[PDB]
Amino acid sequence: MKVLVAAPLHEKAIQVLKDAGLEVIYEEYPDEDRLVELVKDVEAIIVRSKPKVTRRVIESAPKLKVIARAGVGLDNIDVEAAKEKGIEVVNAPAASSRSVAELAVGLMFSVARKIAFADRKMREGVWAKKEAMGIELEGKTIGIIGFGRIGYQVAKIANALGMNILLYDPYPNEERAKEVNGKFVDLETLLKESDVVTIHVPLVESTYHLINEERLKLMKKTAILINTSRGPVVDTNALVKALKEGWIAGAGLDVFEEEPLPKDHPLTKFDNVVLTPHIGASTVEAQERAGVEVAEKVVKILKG
Amino acid sequence: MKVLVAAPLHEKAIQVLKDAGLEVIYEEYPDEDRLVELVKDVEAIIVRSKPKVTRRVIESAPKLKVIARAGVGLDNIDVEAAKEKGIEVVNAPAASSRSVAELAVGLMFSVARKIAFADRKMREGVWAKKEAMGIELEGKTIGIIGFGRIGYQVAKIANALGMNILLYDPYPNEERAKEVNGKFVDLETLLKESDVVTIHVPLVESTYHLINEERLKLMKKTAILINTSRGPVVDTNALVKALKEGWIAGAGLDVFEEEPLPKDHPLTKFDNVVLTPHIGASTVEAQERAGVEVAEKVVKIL
Ligand SMILES: NC(=O)c1ccc[n+]([C@@H]2O[C@H](COP(=O)([O-])OP(=O)(O)OC[C@H]3O[C@@H](n4cnc5c(N)ncnc54)[C@H](O)[C@@H]3O)[C@@H](O)[C@H]2O)c1
Ligand SMILES: NC(=O)c1ccc[n+]([C@@H]2O[C@H](COP(=O)([O-])OP(=O)(O)OC[C@H]3O[C@@H](n4cnc5c(N)ncnc54)[C@H](O)[C@@H]3O)[C@@H](O)[C@H]2O)c1
């Protein structure tokens, strides 16, 4: 049996494949034509955000058993074509849960204590101690919208910081909430009582622009918004307005409705926001973990 | 007895004085002149980084019993002139402990995940996703040099973040270590085994330039250094060299040997350093606890 690795993969992940006795074909980011030629005799394919596993590619792989994505999401995989041929499609979301949570917490600290701001000023020869007055997090209430894999990890860390945890999930997991001493409440209550609101929901019709003007106005004027889920979950225009009018005190953002962010975007003009280029899963540990996770899943399907 | 207030203080603070049955004189940041007449009748004075308590002032107040600083450090107070007249001077260290600890952690996060760097680039119209690969902290080892008030809080936070804790203190408190599951080890071991080294010692003879070239070489090439204690504890020139040579991966600094920092200081040129202007104690909460803590001291005494 052969596995085609069409993207960069960690040594240990490649090692999981070989220790299983599988043949590994390794050529990153091939074009479709080349890909179609590489999949003819493979039982599995492993990719990252690319290359694109189209229908043409799948219909050309007689032996294909599984399509694996080292990370989250299958936007680059024709999931319908796979389903038609009875080909399993797997990924490794759990691999970056902790890293996304850690970034969310990092953003919260940067906004609350004005660290990016102060550092930015320092490099301009300005000693901005007077305006780097921030806030202490111990005892504050953090409102977690979306209590899933990442939301759970954030709650774990919040509990580590001595924060009061509020959770709001249409499908509340009582057991896990109890483990982090988190209390489930309606979204209105969470928005009104939180000092820090962090978003961890998937992007579906139900969550598109979930954070809009109506809900931003419900938040405390002293509150901070953190979004590491997806751009479109937050109405950018409403957030910009909320920041300008002082409806909230600041925001930490890792995802946006335009990626990359256009030049001179309104959000980049606020001193009370910290922006990161969608690096929630960008840790060597999370990237390695995703590769190893899908390698194991591949092995279980094939050799099992 | 009467108590003067020469700096911005807080409702709760001002009131704890009146509860003890003292009178309160309040003016935000006065001056040596008016300061002389104001302190003349007062038996106590309270301040922050200001105003400045010179020897000329200490002399005007014959009734002055105690000088209180709502915070840490008395550089703006002629503690000797006061020591001559027998005037007790106090401050509120414990009040800012948590805030400094939280900054050290926030700095650890910003360096580890290149947050300040990424944000800075974003504002320059640069999407540095591919230059911002960072590291995950869970399971990593944090080395705490100076297991005191602030060192303890950092360990408390770190232990819960799932980090392995190493501690090095000439005066080890085993019981407190057990509280945060920290392990005491010699300094060399801490430096060689830590992924994050954070300094929380006072500036004393034995801590001057404690983090020197030799010790920096001992650290891991992938390690991060955090310093929220005092600039002098770290040999700035040795750190710049370590960063330039890649002996360590980066650093988060809130204190420096030159404050404010100079115009084109070499530290401001590294993308792997996060610099803050001595804001460790700069939180409204810390500021309030400070005023309240010294108020209780002004009361207990008079
Ligand atoms: N920033 C990054 O680099 C990065 C990396 C990985 C994932 N992400 C994104 O961040 C989020 C991660 O979420 P996860 O992995 O924990 O997903 P998950 O599926 O594990 O958990 C999602 C939770 O949201 C809840 N939920 C669903 N609809 C909701 C609603 N309308 N209101 C409130 N809660 C709702 C679900 O019940 C579930 O408990 C996703 O949007 C994911 O795409 C970002
Ligand atoms: N950055 C800020 O804004 C800010 C604010 C307040 C305090 N600080 C500084 O933080 C540092 C720690 O303050 P603290 O309140 O925790 O002090 P502390 O007195 O409570 O604890 C200091 C610890 O250092 C230990 N120690 C002494 N000498 C040592 C040595 N040679 N090597 C290792 N450890 C040694 C002591 O035993 C003690 O455990 C000080 O330098 C203080 O000035 C900074």
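Because only heavy atoms are used, hydrogens play no part in the values below, and waters and symmetry mates are left out as well, while side chains stay in. Chain letters run A, B, ... following the sequence lines, proteins first, then strands; residues in each count from 1. For ligands, and for the atoms within them, numbers begin at 1 and follow the listed sequence.
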Query - ligand 2 to B/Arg149 polar contact by distance, N or O atoms, under 3.5 Å - result: yes

Query raised in the report: Can you check whether A/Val201 has an N/O within less than 3.5 Å of an N/O in ligand 1?
Result: yes

Query raised in the report: Sub-3.5 Å donor-acceptor pair from the side chain of B/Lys50 to the main-chain atoms of B/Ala7, do we have one?
Result: no

Query raised in the report: Does the N or O separation between B/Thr228 and ligand 2 drop below 3.5 Å for any pair?
Result: yes

Query raised in the report: Do A/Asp169 and A/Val201 come within less than 4.5 Å of each other through their side chains, counting heavy atoms only?
Result: no

Query raised in the report: Atoms of ligand 1 less than 4.0 Å from A/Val100 heavy atoms?
Result: 4 (C), 5 (C), 6 (C)

**Report entry** Proximal ligand 1 atoms for A/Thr207, defined as those under 4.0 Å from one of its heavy atoms
**Finding:** 30 (C), 31 (N)

Query raised in the report: Rounded to the nearest 0.5 Å, how far apart are CG of B/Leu167 and CG of B/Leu190?
Result: 7.5 Å

Requested in this report: Return the option from A/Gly146, A/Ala94, A/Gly231, A/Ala104 holding the heavy atom at the smallest distance from atom 24 (O) of ligand 1.
Outcome: A/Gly146

Query - Minimum-distance protein heavy atom relative to atom 42 (C) of ligand 2 - result: B/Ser229 O, 4.4 Å

Query raised in the report: Using heavy atoms and a threshold below 4.0 Å, how should the contact between A/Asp254 and ligand 1 be classified: side chain, backbone, both, or neither?
Result: side chain

Query raised in the report: At their closest point, which heavy atom of A/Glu102 faces which heavy atom of B/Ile135, and how far apart are they?
Result: OE1-O, 4.5 Å

Report task. Grab the two heavy atoms, one from B/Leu137 and one from B/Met108, that are nearest each other, plus how far apart they are. Result -> CD1-CE, 4.0 Å

Query raised in the report: Which is closest to atom 27 (C) of ligand 1 by heavy-atom distance: A/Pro202, A/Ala95, A/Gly148?
Result: A/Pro202

Query raised in the report: Taking the non-hydrogen atoms of B/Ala281, is any one of them nearer than 4.0 angstrom to ligand 2?
Result: yes

Query raised in the report: Would you call B/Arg98 and B/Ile157 a side-chain contact if the rule is heavy atoms closer than 4.5 Å?
Result: yes

Query raised in the report: For ligand 2, is there an N or O atom under 3.5 Å from any N or O atom of B/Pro170?
Result: no

Requested in this report: Go through ligand 1 atom by atom and flag the ones less than 4.0 Å from a non-hydrogen atom of A/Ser206.
Outcome: 31 (N)

Query raised in the report: For ligand 2, which atoms sit closer than 4.0 Å to a heavy atom of B/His278?
Result: 1 (N), 2 (C), 3 (O)

Query raised in the report: Nearest to atom 37 (O) of ligand 2, what protein heavy atom do you find, and at what distance?
Result: B/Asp169 OD1, 2.8 Å

Query raised in the report: Is there at least one pair of N or O atoms, one from B/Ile145 and one from ligand 2, spaced under 3.5 Å apart?
Result: no

Requested in this report: Measure from the side-chain N and O atoms of A/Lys129 to the backbone N and O of B/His278, and report whether any donor-acceptor pair falls under 3.5 Å.
Outcome: yes

**Report entry** Verdict with reasoning, A/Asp254 to A/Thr276, per side chain to side chain donor-acceptor pair (under 3.5 Å)
**Finding:** CA-CA 5 Å; A/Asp254 184 59; A/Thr276 53; 2.6 Å; yes

Query raised in the report: Heavy atoms, side chains only, cut-off 4.5 Å: are A/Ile211 and A/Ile145 in contact?
Result: yes

Query raised in the report: Counting each atom of ligand 2 from 1 as listed, which ones have a heavy atom of B/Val255 under 4.0 Å away?
Result: 1 (N)

Requested in this report: Among all protein heavy atoms, pick out the one at the shortest distance from atom 43 (O) of ligand 1; state its residue, atom name and that distance to 0.1 Å.
Outcome: A/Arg230 CD, 3.8 Å

Requested in this report: Look only at the side chain of A/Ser194 and the backbone of A/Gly143, and say whether a donor-acceptor pair between them is shorter than 3.5 Å.
Outcome: yes

Requested in this report: Any atoms of ligand 1 less than 4.0 Å from a non-hydrogen atom of A/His200? List them with their elements.
Outcome: 13 (O), 22 (C), 23 (C), 24 (O)

**Report entry** A/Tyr152 and A/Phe147, any side-chain heavy atoms less than 4.5 Å apart
**Finding:** yes

Requested in this report: Can you sort out which atoms of ligand 1 are near A/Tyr171, meaning under 4.0 Å from one of its heavy atoms?
Outcome: 37 (O)

Query - Crowding at CD, A/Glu174 (>12 non-hydrogen neighbours, <6.0 Å) - result: yes

**Report entry** Distance-minimising heavy-atom pair for B/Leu275 and A/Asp119
**Finding:** N-OD1, 2.9 Å

Report summary line: Checking heavy-atom distances from atom 2 (C) of ligand 1 to each of A/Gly280, A/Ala101, A/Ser97, the winner is A/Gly280

Report summary line: Note: A/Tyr168, heavy atoms under 4.0 Å from ligand 1, region reported as both

Query raised in the report: Below 4.5 Å, heavy atoms only, C-beta onward: do B/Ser99 and A/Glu138 meet side chain to side chain?
Result: no

Query raised in the report: Do ligand 2 and B/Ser96 have nitrogen or oxygen atoms that lie under 3.5 Å from each other?
Result: no

Query - Check: B/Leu210 N/O within less than 3.5 Å of ligand 2 N/O - result: no

**Report entry** Inter-residue atom distance A/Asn212.CG - A/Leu216.CG, 0.5 Å rounding
**Finding:** 7.0 Å

**Report entry** Numbering as shown, the atoms of ligand 2 that approach B/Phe147 to under 4.0 Å (heavy-atom distance)
**Finding:** 39 (O)

Report task. Do me a favour and list the nearest non-hydrogen protein atom to atom 10 (O) of ligand 2 with residue, atom name and distance? Result -> B/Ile150 CD1, 3.4 Å

